[PDB]
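Asks: show me the folded form of this:
(chains A and B)
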Amino acid sequence: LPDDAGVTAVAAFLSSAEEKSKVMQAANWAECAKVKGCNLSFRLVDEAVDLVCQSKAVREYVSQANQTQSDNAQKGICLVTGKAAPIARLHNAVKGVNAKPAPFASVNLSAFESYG
RNA sequence: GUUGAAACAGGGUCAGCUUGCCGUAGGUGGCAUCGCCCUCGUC
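Replies: Numbering: from 1, shown residues only, chains lettered A, B, ... in the order given. Now the structure:
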C-alpha cells in the first residue's frame, strides 16, 4: 500500500528507533505506561481525526485483507447464516463480558471438540 | 452396532465477641343499707 503518506509515514516512524524513543519522552507517556495493554495508534498529522488505520487505503486494505485472506479458509458451511462463507476458526474476542475480551464461541480444550 | 461420548461444586470456614429495660409512679379521692314492717288473729 504505497503512496499513502499515512503508512509510509509510520513505516518511516517504525524504521526510526529514535522517534519511538521520543514517544517514551512524551508529556503523557507516563500515563499510558500506567495502563497495562495500552493500545497506541498512529494518527499522522494533517488528517486530524483519521488514524493511519483510517485512511481510504488502509480502510480498503482491511476491506481487502478481510475479503481475500479471510476467504481462502475452510470453505463452508456457516453455522449462523448457513451460507458457504469460509469458516472462521478463532472467533473474535467478544469484549465487555470477562476481565478480557474472550471468544464468546470458542471450543478450545482437548475435549470440548466434538468430532475432531 | 458408525455417530457427544468423559465431566464435582468441589475441598472448608463458630457469626461471632457482648450489651440493665430501664430508672418510677397514690388507686385513688368518698359514698347511710337504707327509709319501715302487730306475730299475729285464738283455742
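
Asks: pull the CA atoms of the helix or strand hosting residue A:63 into CSV?
Replies: Here residue A:63 sits within helix A:58-65, counting by DSSP states H and E. The C-alpha coordinates for helix A:58-65 follow below in CSV (Å, rounded to 0.1, in the frame of the first residue of the first chain):
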residue,chain,number,x,y,z
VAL,A,58,-5.8,1.1,4.9
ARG,A,59,-9.6,1.2,5.1
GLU,A,60,-9.7,-0.5,1.7
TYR,A,61,-6.7,-2.7,2.5
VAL,A,62,-8.5,-4.1,5.5
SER,A,63,-11.6,-4.4,3.4
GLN,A,64,-9.3,-6.2,1.1
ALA,A,65,-7.4,-8.1,3.8
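
Asks: how about the residues of chain A near RNA strand B?
Replies: Within chain A, the positions near RNA strand B by Cβ under 7 Å from any atom of the strand are A:111, A:112, A:113, A:114, A:115, A:116. From N, CA and C alone the C-beta is placed, and that goes for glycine too.

Asks: repeat that for 6 Å
Replies: Proximity of chain A to RNA strand B, by Cβ under 6 Å from any atom of the strand, involves residues A:111, A:113, A:114, A:115.

Asks: which of those residues has the most neighbours?
Replies: For the residues of chain A next to RNA strand B, the largest number of neighbours (other Cβ atoms under 10 Å) sits with residue A:113, at 9 neighbours.

Asks: that one touches residue A:107, doesn't it?
Replies: Yes: assessed by Cβ atoms under 8 Å, residue A:113 is found in contact with residue A:107 at 5.7 Å.

Asks: how about the strands of chain A, start to end?
Replies: Counting by DSSP state E, chain A has no strands at all.

Asks: can you pull out the helices in it?
Replies: For chain A, helices defined by DSSP state H occupy the ranges A:7-13, A:19-24, A:29-32, A:58-65.
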